[PDB]
Each structure stands twice: as C-alpha cells, then as structure tokens.
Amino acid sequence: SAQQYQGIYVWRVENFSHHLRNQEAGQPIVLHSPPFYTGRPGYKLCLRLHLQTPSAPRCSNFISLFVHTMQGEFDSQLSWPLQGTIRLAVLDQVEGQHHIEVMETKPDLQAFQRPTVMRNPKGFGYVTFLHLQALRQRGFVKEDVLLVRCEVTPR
C-alpha cells in the first residue's frame, strides 16, 4: 500500500570537510547512515556512502552511494523482495537543483531480499554517483553539511 512508501529520509552528513581532507590525503572514506523505514509498516533501509581515493581505478574522486536492506520490525507482514523505484539525491539547499539518480529494483538480486543478518552485505547503487569536483563546483555543501536523500516509491 501507499503508506508503506510514504517515508523520505534525509541523511545529514556533518563536518564534510573533514572527510574531504582525509580523502585528499589518500584515505578511502566509507560512511554508514542511520536506519530509516520506507513506511509504517514498511522496509528498514540504510545507506552506505564512499569517497573514493584520488587514485582508485575507474572511479577516482567519486562519491559512491548504495542502499542496503535491514531486518526491520514489520518484516513478517511485508512482501519480499522489496520492489519499487528508489530515488537517491544530493540536495541543493538553496537553488533546488538537486543531483538525483532514479533506479528500479531488480527482484533477482540479493540486495533486495531480507537479510539473514541485521544489515544486508549486498547493497545496490552507484559507484560513480557524484564526482567531488562537480560537488565542489555546484556548492552543494553548505555550512559543511552534505544532505543525501532517499525516497522509495511503489511499482
């Protein structure tokens, strides 16, 4: 039902410059978000964000962003696998020119099953979600905060 997808999560990544300075020094960055529910009842999800190093083959200096399913309170009353459309965004806090990727679920992927551990090791998303030079040029980071949004809509 529609109420199972009514949630929208905005991940506030504070002190972004700290991660950036470490990334510039050649440190991979990986961040794990708080959990959120697509609805009540609904699916429990979390996000994983990477800053790839300046020398990573094929994806140097990118933000990578992946969605992971989790074991949630409502799981017994949900259909599985999770099916729908997932919208991932980095938000423009002033001009509304968000960077948005839209992706449909795939029912045959482990990432959309209910995991047998608390957090699914398999996630789904973009290795090359947003390049750090594009993030800088657009000025998405305001007061050292990056906003990452995740919305799920039904089929």
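Numbers for residues come from their place in the sequence shown, where the first is 1.
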Out of 54 to 62 and 92 to 100, which stretch has the higher average CA B-factor listed in the record?
-> 92 to 100
Of 33 to 41 and 114 to 122, the stretch whose C-alpha atoms average the higher B-factor in the entry = 114 to 122
Highest CA temperature factor in the entry: which of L49, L130, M70, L109?
-> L109
For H18, the third of its chain by CA B-factor is the highest
Ranked against its chain, the third holding the CA B-factor of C150 = lowest
Chain thirds by Cα B factor, record data; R12 belongs to the lowest
